[PDB]
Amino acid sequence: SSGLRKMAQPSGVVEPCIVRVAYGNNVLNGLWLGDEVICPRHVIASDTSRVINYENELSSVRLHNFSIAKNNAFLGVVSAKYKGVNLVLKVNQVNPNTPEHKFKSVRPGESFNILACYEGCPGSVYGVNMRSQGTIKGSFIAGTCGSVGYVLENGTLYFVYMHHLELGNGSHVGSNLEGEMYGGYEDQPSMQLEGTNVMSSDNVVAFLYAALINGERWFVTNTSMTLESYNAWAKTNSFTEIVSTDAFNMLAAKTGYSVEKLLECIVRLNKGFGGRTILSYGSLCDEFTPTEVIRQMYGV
């Protein structure tokens, strides 16, 4: 008996890269790699409630107002620049704890980690999952602007997210580190609205395999749905189409349930759980990948 809960990858390699960036009385988080610091550009905005002429506020910038802090280090800004919706400041000191790292964008359905930091100080760590409309469900308290998302693979450190705005439904929009905004949302306090997120079928199937593994089986049906019928239904029901059974073939033989059988479950269960629960959830979550599920039920 296991249960299915988000975990985050350890934050130690990341924490020494998180700096306090202040300008005037604007304080937010920044990312310190090499002799550069990356942060959201609004730290220079005179105001953040109507549209800012950002190119004018770059001409307007004064380097002595910058107060960038990290431990015992005070970092002097040599120069300032934009890379998309973020600032790139060159500083006079190289981060002595710079890890090997890379930048990439996380794709819809993929899990990664948020290191939520209040004005320089890392505060908490948790797992999230990028959604098709380019938003996430964070917990971003005021103070955490510029907080950083990352994922570790092989074990290459990828920086994937930097936190920017909150939409009316509470969805959170960040940029990657090349400074492109997820979902294409502009860096302005304008009327912007989130579309509809397409559910990750791969993730939902993983979720259901987890429940079976756990010994939860009440939702399993006396019937099934072919891969090509599911995709035809998926297309008109805001679910992604399934390419291959292949990533599920271990999970399938280990439970004895085919993917075909979990496809029909997705269709019926989407109409509601009817008051019952699966792994204590009230509905299908698509936040766990097949990789996450395997790793926590079986290991490695």
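Residues carry their position along the shown sequence, with the first being 1.
- Mean CA temperature factor is higher for 77 to 85 when stretches 103 to 111 and 77 to 85 are set side by side in the entry.
- Per-stretch averaging of Cα B factors for 20 to 28 and 287 to 295 places 20 to 28 on top.
- Comparing C-alpha B-factors across 202, 180, 186, 166 in the deposited entry, the largest value falls on 186.
- Comparing the listed residues 160, 117, 213, 141, the entry records the largest Cα B-factor for 141.
- Ranked within its chain, residue 190 lands in the highest third, by CA B factor from the PDB record.
- The PDB entry assigns residue 147 a C-alpha temperature factor belonging to the lowest third of its chain's modelled residues.
- Ranked by Cα temperature factor within the chain, residue 220 sits in the highest third according to the deposited record.
- The deposited CA B-factor of residue 170 belongs to the middle third of values across its chain.
- Among the modelled residues of its chain, residue 124 has a C-alpha B-factor that falls in the lowest third, as given in the PDB entry.
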